[PDB]
Amino acid sequence: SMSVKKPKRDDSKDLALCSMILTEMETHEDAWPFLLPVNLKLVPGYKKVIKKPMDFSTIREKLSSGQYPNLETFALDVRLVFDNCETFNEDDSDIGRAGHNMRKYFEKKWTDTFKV
Ligand SMILES: Nc1ccc2cn[nH]c2c1
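In the authors' numbering, the protein residues as written are 1856 to 1971.
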């Protein structure tokens, strides 16, 4: 509270580290469904069904232009990518599987990088 300051982690490397993690995502072989925004004019249903579209290139742009206030807002967007994927794709599909794989991949890197 006022004048009662919690000791707080060093966050000067967070921007660099998030960019590092995002780069590993981008270069994963199962990243292809998530590299670019879904084309809302070619994919039936998507615009109406998915209220907050998100993809790695949009996250990269936001990260590069200071649009994430902190590491958790970054993680929220990454997770949004995979939550959208689950919303629109069957688990038993190529894209569906890719999403599960990429989510697992991210969360381990997240834990390994930040939660000591
Ligand atoms: N087959 C196919 C084509 C476009 C999209 C977008 N999300 N999932 C898709 C699946």
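Don't be surprised by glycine CBs; every beta carbon is placed ideally from N, CA and C.
| Check | Outcome |
| --- | --- |
| Please indicate yes or no: does the CB of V1936 lie closer than 6 Å to some heavy atom of ligand 1? | no |
| To the nearest angstrom, how far is it from the Cα of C1873 to the Cα of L1931? | 12 Å |
| Which two residues bound the contiguous alpha helix (DSSP H) that contains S1856? | First-last for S1856: undefined, no H or E at that position. |
| Roughly how many angstroms lie between the CA atoms of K1970 and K1959, to the nearest whole one? | 16 Å |
| Closer than 6 Å by C-beta to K1964: which residues in its own chain qualify, once you throw out the five before and the five after it? Chain order, please. | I1876 |
| Measuring only from the beta carbon, is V1898 closer than 6 Å to any heavy atom that is part of ligand 1? | yes |
| So, is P1888 buried or exposed, given that buried needs 16 or more other C-beta atoms within 10 angstroms? | buried |
| Between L1890 and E1881, how many whole angstroms is the CB-CB distance? I'm expecting something under 8 Å. | 7 Å |
| Between the beta-carbon of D1869 and the beta-carbon of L1926, is there less than 7 Å? | yes |
| Between the Cα of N1956 and the Cα atoms of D1938, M1909 and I1905, which residue gives the shortest distance? | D1938 |
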